[PDB]
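Q: Below: the sequence, then the experimentally determined structure.
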Amino acid sequence: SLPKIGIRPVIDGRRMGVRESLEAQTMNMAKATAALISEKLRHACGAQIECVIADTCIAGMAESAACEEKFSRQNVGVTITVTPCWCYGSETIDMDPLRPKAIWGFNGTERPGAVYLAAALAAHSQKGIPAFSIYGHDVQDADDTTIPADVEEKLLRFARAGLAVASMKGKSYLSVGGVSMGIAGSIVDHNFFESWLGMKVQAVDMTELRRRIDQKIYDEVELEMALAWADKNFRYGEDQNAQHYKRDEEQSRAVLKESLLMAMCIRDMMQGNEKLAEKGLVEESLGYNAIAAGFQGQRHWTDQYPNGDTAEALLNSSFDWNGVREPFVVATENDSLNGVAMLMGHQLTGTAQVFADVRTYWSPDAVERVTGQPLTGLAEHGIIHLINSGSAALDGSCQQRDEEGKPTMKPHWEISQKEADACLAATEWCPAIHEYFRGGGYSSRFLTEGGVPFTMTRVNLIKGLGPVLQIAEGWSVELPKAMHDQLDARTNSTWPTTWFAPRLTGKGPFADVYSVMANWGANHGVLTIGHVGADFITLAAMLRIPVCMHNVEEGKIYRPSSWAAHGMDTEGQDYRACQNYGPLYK
Amino acid sequence: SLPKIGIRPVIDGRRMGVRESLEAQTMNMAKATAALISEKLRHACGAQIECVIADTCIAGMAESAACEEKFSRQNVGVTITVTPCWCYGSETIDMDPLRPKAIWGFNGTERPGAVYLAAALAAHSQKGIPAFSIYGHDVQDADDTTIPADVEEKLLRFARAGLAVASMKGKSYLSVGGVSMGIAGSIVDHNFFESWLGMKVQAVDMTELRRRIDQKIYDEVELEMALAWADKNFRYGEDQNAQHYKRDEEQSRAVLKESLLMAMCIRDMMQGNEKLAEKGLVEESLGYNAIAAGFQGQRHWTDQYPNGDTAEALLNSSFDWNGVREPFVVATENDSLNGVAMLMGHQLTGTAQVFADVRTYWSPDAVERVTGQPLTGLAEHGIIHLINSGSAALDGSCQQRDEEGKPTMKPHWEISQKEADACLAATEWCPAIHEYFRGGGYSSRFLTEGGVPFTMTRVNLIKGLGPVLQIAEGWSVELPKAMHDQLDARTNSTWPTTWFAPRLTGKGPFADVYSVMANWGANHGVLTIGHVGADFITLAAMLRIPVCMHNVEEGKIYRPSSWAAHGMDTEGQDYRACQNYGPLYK
Amino acid sequence: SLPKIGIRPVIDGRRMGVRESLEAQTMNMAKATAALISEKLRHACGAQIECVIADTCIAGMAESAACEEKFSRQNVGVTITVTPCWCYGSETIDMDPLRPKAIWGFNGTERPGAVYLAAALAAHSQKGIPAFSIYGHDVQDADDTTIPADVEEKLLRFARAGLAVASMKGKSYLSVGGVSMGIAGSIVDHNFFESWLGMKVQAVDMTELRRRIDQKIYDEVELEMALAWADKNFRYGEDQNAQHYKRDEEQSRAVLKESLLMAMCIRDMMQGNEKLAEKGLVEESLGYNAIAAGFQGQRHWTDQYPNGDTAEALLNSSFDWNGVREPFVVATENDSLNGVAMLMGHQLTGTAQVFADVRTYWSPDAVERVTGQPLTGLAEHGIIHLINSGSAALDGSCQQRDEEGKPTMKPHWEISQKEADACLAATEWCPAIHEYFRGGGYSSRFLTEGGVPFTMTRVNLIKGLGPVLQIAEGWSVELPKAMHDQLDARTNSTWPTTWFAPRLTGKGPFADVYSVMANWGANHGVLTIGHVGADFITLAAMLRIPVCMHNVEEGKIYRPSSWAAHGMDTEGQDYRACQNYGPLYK
Ligand SMILES: [Mn+2]
Ligand SMILES: [Mn+2]
Ligand SMILES: [Mn+2]
């Protein structure tokens, strides 16, 4: 049952003509705002956002409380309060501390909603319930129905981030296994998930994965459909293994089968499968109500059974053998923390999220030193090498194209069947190397097209301080083939690659590309299509996660009004305010 | 809408006949629970309590999730989880912080439900979401359908209290005027109502009340119905005023009219009146969505107009000219902290609450000196005089008799109109003394019957500590008329009276009657009928208000299990645990 | 390298003869202490305790600085300062915050040790580093070298506990699996182990155990030995499974084989096995450096592979197919918190530890109702069924016997091989009930001999409060054969049983037997032989873990001096002391 947005039309309660004068414009402003969001935006799942409107305009507590009754029955997880006139501050505001809120005041003189806004905001900050401000840059006339650029931008950025918050609430992270090679992020912090995101964590031991394959706790016909799809579509790459370690044709397909079964069995665990009920396996059918998940893999799975690379790549992809669909969020090396970043990215943009190891920083001096060539253009100042250990969403090739014909990544509802297969055609599946993946496996190798805007994000936990976010907006570069193959042969050529250059501000961590990587707080990161830092920043305020690091333009910063009271400085305000309000849910 | 109780039947997840073998009993047990609550309990307003059972038994996150969706659209604000078997702990618990919750495990051996209870509870306190334990004293045979008596007490005590938490949530306290005569409780701490109770505060200047009377903003037909009704029933008391400050009948009619108007205009303010819409006054029709109020009175109102003595009495009573109805909660002198006690007591009992000033402690030495005869029986160790400034719930006369035919106060739905008139028959209406109340008034004078159990409660705000709760289970007593008459003349004989004897423990404040007076945290207190200390204590723990003074036996103290982990000592664990979890809402 | 005990003799600084008088006495008293300790105490593993003395006698900063670097060199985890004279306080105290320290002032008149003790403690508590205080009631003459009874208890109790804290520092807890059946204790909290105990947690997925048994990563020679032993010594009980679920003998051989192979494999993982390195399995030969360990089992392993009933039971015993050894600590269901109470139990007593489900409380009324008979003697007031879900240290049969020939448990170095076979011939190996344990297994069933004194303990984590300790001293009982069989039948007759009865104080949780269970913090607990509540209380205090529940007479309560400054109440002092000082390690 999807969350909804609740519009609260708010009004001057005084009569003898004043209320009746204002009613129509007020409710129409409400309607306007439903209209704007519902057409402009979608859930990440794909569905149409349903906005709920109060039965009458609110001018005080009786009317205000009817709305709450109407909203609770209707699962509203966000609200916007809209008005063109002055109304009675604290009597009319929304006091539920759990939901993100925003106040839109019509910037006018004849209709001075802007005035009420600043007062209703001051009530919010005084009662410890922060709210966002929507304030038009230019005074409009009282007979105008248009919505300016700025207002619409905020209205939408707000709603984009509010629907993310409410979508996580009440849902599960599924931890298939636990700690992978002492990686911090795989030490799943149930209190972080419960207190900040409002999630439950379900832990499942990887023998549960094994059990499902063996005891035939999957859809047997789907396996054949999957394999059929696998055969027609999968272009294989070079085996790189030592000769005595190679696998014959029959062994190679048993690996492949298992790999596919793992993908299937994980999905069955995350979201359930009615077919297993029919098949009689009634217990296993319900799933763990999980919108994100991790798979440990190394060391203990991959030292005997096939690595999860295929399964991870297919589940993070927008498409598979059953057609196009909304991508899953499955973290490799069970990196619950990178999964959070993915899950936010997913819910903010509706697109596939590229899991990525932050492998190498290529210094301009260093690249001249081994390729003989110069880093040129976007890579002038240095390059960074994003390359996961055998898995990534296939959407990352960027064979998807926009309307202007440039390479990009897109929502699942915007994706035609031809673009699905085009992305497969960019993908060669190289066997895993047996010293590390003794059970075998297949990598998904691709190269992300150059010149794509990307947002590198990461969430870390810092003892004594809590969770923090890191952001680095940038671009993928496309190096000369001569240079590329030699840095690729240099690293791990079996694996998917992305060349990333980050926007520099010449300040602090973004002074030079070196320090960007040097101030990263983990070996992993998530790549989200686009420049979305401004949207990420707003979500981190809503969760009261401060941002230790970002290159987003100061003008673009959008947070609850309460934050500005915590200081003029954009960074300093964030730590005090986050400390103040603390986690949302407990 | 009214709040509902969610019942969560929880079950072992495994099949092969295991879940099957239990579904029946586990479902039957939720139904038995909802039935009992629904039969033996009512809302404070007299409505039937609905209960919502989960669609399926719960064994994991997915079923648990669907219970939540069901519960959210159904306005449930209390849960009880029931099981007769072991289940999967943290997967199956209710996670919402803002709801009171309980767990009831079947004390069986074939059915080891208490073994899940113990694990679930440990889960709760590890995850900072405390919950109540319901464990039956005696092992029960698997086929037994009956609910033990000790289990019934706990279930009901929990429901009774939980409903009160959920009833206050989102309602208003209407403060009519500001501070009265420097009384701390008249400084309305808006944050306390928000954070602790989940209510809001509406402030109305008393000029508004004047305005309604001036501009005839009230159902005019009602007024002559009121006035008619009083003329038929109101006894009158001697004018203890001076000769020059006495009033001719014409003047007296003016105050009584006004005294009865205030009752109606305050009531109309608190909840609203559709008649006012019908007469064109659509703004005033609505009300402030208020379940409690307070009226300032002195000095600024009582120095010109008639005091609220009469209004307050009738409003807090369980009947008026329109017959027997659920009482209101209006605080004399705008004592919002006496308001809260009144509110809490009323929600726990359904009955009317007696506002009292805590006027005199009469020593046994002191009584013998002024009357020549000693206090005897229940008054053996001292008496405390409880007498409010002119007002009190007429039901406080205790003219009502119960099933065994002895003095009491019943929930309004067990009040026959015949009894209603007996409480009016024992009340004499006496004029206000002019020097204090210049605008005059009438004061409901009655004498409470002896031997009636009472609990006396107060809430107080201690800066740097928060809200605290005082409780004192005791008896009202009858004194010999000669004795009573002397002590009434010294104090105020136009004012209603109750002679209170607190039950002693011989320890702390309850070592003697003097100490009970001397520790009481304010000049005002509240009388709830019967011995309801246990219910208050439970309610207090649900709201995380520590209890600082009580004479309830140690076995009766019922609180979440987490409390026990903060220490064996019932006073020590309470402060520490209350310090830990803090106010419920923010 | 085990920790050592550092003994500090301290002396009056001043020379000119007086110092020189005391030097002989001062260190003769320190050598007595080192002799007393190493005579009456041994390490839990069996080794003799090594007491390092300071090279000189300490009288100022200079000598005390030498003594530390010597003490750092020798691995002392505990210090005991002794003296028979005045010395210079702030100059002579051990200042290392991590080591648990005690000070032993001699009670003489010519030799004023008492005075030094108070000034030293005062300096300690003023400098934030609590220490214990040893003081004899009765005064002794300076020529007397014998050490009195009461000083002996305080020295032994201190060193016994300080060694516990010392032995756990830097060691690891091995988590074989993740969360078991949503049990809080099996959500291993890494930061608890680290901060409070100075331990690490190593997480291994249960698939790694699979690999070791499938790829023969074990000693195959021992395996045959084990099977041989198993055939010779194992008695079997009857199969209580359904017929269609009964295993034939070919299957029962494999199930047994793997159960035993689990034992061996889990051991290897904990401490290393060098036979493996010879065998070319060098990486698996090191192990994880573990002094406790949890095994998850349900649900994921037990739904396809044989359970750990047998393995757990054999590892936690004081003997196996290689004869008598220091028992291991393996927690069933990966309940790490029960593991911690086992670890503590073990370190303090050197015995085996019994892991229990706190399954049923049998009120007198209940036992009369069902058996027709009444409980009697120690069982007079109630009885609590302690029964683990398949596995328990076989020592728990209490077939081992003491000097007088009374039932008991002994540390592994006082257990005759004849005794171990006694313990084993009390057992019968019942096959696992198929529907809970699909994979099979063998549940070690015995009946604990009555009259034995026992201590039940538990550790819980409370959000906002941190860890806490539960203690209940009592005895096991022996009921009439007829009564036992009625009670056992309906419960779980294939599983090991212990009838426990807690000493009642009349107060709080120990007012009666119902309360004991009712306030118990989890489904699980640990049985440690005898009445060692006094020991756990002392170890808790060194560990800064409040004691929320205990029935130890307060005469025996022994904690650091600083505690006394936090109040007279033996409970309030504790919570305040623990919140002040908090975890030893970060
Ligand atoms: Mn990696
Ligand atoms: Mn008063
Ligand atoms: Mn158990």
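A: Arrived safely. Numbers count the residues shown, from 1 in each chain, chains lettered A, B, ... in the order given. Ligands and ions are numbered 1, 2, ... in the order given.

Q: close enough to count as contact, residue A:437 and residue A:308?
A: No. Contact status for residue A:437 versus residue A:308: not in contact, 9.7 Å apart, counting by Cβ atoms under 8 Å. C-betas here are computed from N, CA, C, even on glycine.

Q: Of those two, which one has the most company?
A: Counting neighbours by other Cβ atoms under 10 Å in any protein chain shown for residue A:437 and for residue A:308 shows that residue A:308 has the greater number, 30 against 25.

Q: Need the overlap of contacts for residue A:437 and residue A:308.
A: Here residue A:437 and residue A:308 share the contacting residues residue A:302, scored by Cβ atoms under 8 Å, 6 or more residues apart in numbering or on different chains.

Q: Confirm for me that residue A:209 is in contact with residue A:262.
A: Yes. In terms of Cβ under 8 Å, residue A:209 counts as a neighbour of residue A:262; the distance is 6.5 Å.

Q: In terms of neighbours, single out the busier of those two.
A: Set side by side, residue A:209 and residue A:262 show unequal neighbour counts under other Cβ under 10 Å, the larger going to residue A:262 at 30 against 26.

Q: Can you name the residues bridging to the nearest residue to residue A:158 once chain neighbours are set aside?
A: If you skip the residues right next to it in sequence, residue A:158 has residue A:102 as its closest partner in space, 4.8 Å away by Cβ to Cβ, 6 or more residues apart in numbering or on different chains. When assigned by DSSP bridges, residue A:102 has beta-bridge partners residue A:80, residue A:132.

Q: what ranges do the helices span in the stretch 351-500 of chain A?
A: Shown for the stretch 351-500 of chain A, the helices assigned by DSSP state H, counting those that start in this stretch span residues A:364-371, A:417-425, A:481-490.

Q: mind putting these in JSON lines, mean neighbour count included?
A: Supplementary listing: the helices of the stretch 351-500 of chain A in JSON lines, determined by neighbours: other Cβ atoms under 10 Å in any protein chain shown:
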{"stretch": "helix A:364-371", "mean neighbour count": "14"}
{"stretch": "helix A:417-425", "mean neighbour count": "16"}
{"stretch": "helix A:481-490", "mean neighbour count": "15"}
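
Q: Which one, of these, ends up nearest to chain B?
A: When the helices of the stretch 351-500 of chain A are compared by Cβ to the nearest Cβ, helix A:417-425 sits nearest chain B, at 29.8 Å.

Q: Quick check: residue A:117 vs ligand 2, distance?
A: 42 Å (Cβ to the ion, to the nearest Å).

Q: so that residue touches residue A:133, yeah?
A: Yes. A contact is recorded between residue A:117 and residue A:133 when judged using Cβ under 8 Å, the distance being 6.4 Å.

Q: Which one's more surrounded, the two?
A: Legend: neighbour count by other Cβ under 10 Å for residue A:117 and residue A:133, higher for residue A:117 (26 against 21).

Q: a helix runs through the more buried one, doesn't it?
A: Yes. Judged by DSSP: H, G, I helix; E, B strand; the rest coil, residue A:117 forms part of a helix.

Q: Residues in contact with the host helix or strand of residue A:525: which ones?
A: Per DSSP states H and E: residue A:525 is located in strand A:524-529. Strand A:524-529 is contacted by residues A:183, A:185, A:333, A:335, A:337-338, A:341-342, A:345, A:348-349, A:351-358, A:386, A:396, A:408-410, A:452-458, A:498, A:500 when judged by Cβ under 8 Å, 6+ apart.

Q: Please save the CA atoms from the helix or strand containing residue A:153 in CSV.
A: Here residue A:153, judged by DSSP H and E, is contained in helix A:149-168. What follows is the C-alpha trace of helix A:149-168 in CSV, where atoms were taken according to Å, rounded to 0.1, in the frame of the first residue of the first chain:
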residue,chain,number,x,y,z
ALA,A,149,10.0,27.9,-11.8
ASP,A,150,11.6,28.0,-8.4
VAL,A,151,8.4,27.1,-6.5
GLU,A,152,7.8,24.1,-8.7
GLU,A,153,11.4,23.0,-8.3
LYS,A,154,11.1,23.0,-4.5
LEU,A,155,7.6,21.6,-4.5
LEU,A,156,8.9,18.7,-6.6
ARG,A,157,12.3,18.3,-4.9
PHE,A,158,10.5,18.2,-1.5
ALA,A,159,7.9,15.7,-2.7
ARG,A,160,10.7,13.6,-4.3
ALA,A,161,12.5,13.3,-1.0
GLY,A,162,9.4,12.9,1.2
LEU,A,163,8.1,10.0,-0.8
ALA,A,164,11.6,8.4,-0.4
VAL,A,165,11.4,8.6,3.4
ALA,A,166,7.9,7.1,3.7
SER,A,167,8.7,4.4,1.2
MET,A,168,11.5,3.0,3.5
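
Q: how deep is the closest residue to residue A:382 other than its chain neighbours tucked in, by neighbour count?
A: Nearest non-adjacent residue to residue A:382, counting by Cβ to Cβ, 6+ apart: residue A:513, 3.3 Å away. Around residue A:513 sit 24 other residues, with neighbours defined as other Cβ under 10 Å.

Q: which residues touch residue A:513?
A: Taking Cβ under 8 Å, 6+ apart as the test, what residue A:513 contacts is A:361, A:381, A:382, A:383, A:384, A:501, A:502, A:504.

Q: Would you mind measuring from it to residue C:323?
A: With distances defined as Cβ to Cβ, to the nearest Å, the gap from residue A:513 to residue C:323 amounts to 64 Å.

Q: re the thing from before, shared neighbours, residue A:117 and residue A:133?
A: Overlap between the contact sets of residue A:117 and residue A:133, as judged by Cβ under 8 Å, 6+ apart, is given by residue A:103.

Q: still on that earlier bit, immediately after the helix holding residue A:153, which helix or strand?
A: Taking DSSP H and E as the definition, the helix or strand right after helix A:149-168 is strand A:172-176.

Q: ok so, going back, so for the helix holding residue A:153, what gets flagged as buried?
A: Burial within helix A:149-168, assessed by neighbour count using 16 or more other Cβ atoms under 10 Å in any protein chain shown, is assigned to A:151-152, A:154-155, A:157-168.

Q: okay, now the residue of the stretch 451-586 of chain A found nearest ligand 3: neighbour count?
A: Here the stretch 451-586 of chain A gets closest to ligand 3 at one residue, residue A:586, 27.8 Å apart by Cβ to the ion. A total of 19 residues lie near residue A:586 under the criterion other Cβ under 10 Å.

Q: can you check residue A:361 too?
A: Residues near residue A:361, counting by other Cβ under 10 Å, number 17.

Q: Please identify the helix or strand for the closest residue to it other than its chain neighbours.
A: The shortest distance from residue A:361 to any residue other than its chain neighbours is 4.5 Å, reached at residue A:517 (Cβ to Cβ, 6+ apart). Counting by DSSP H and E, the secondary-structure element that holds residue A:517 is helix A:513-518.

Q: got the buried residues for that helix?
A: Across helix A:513-518, burial judged by 16+ other Cβ under 10 Å covers A:513, A:516, A:517.

Q: With stretch A:111-128 instead?
A: Of the residues in stretch A:111-128, those buried under the neighbour-count criterion (16+ other Cβ under 10 Å) are A:111-117, A:119-121, A:123-125, A:127.
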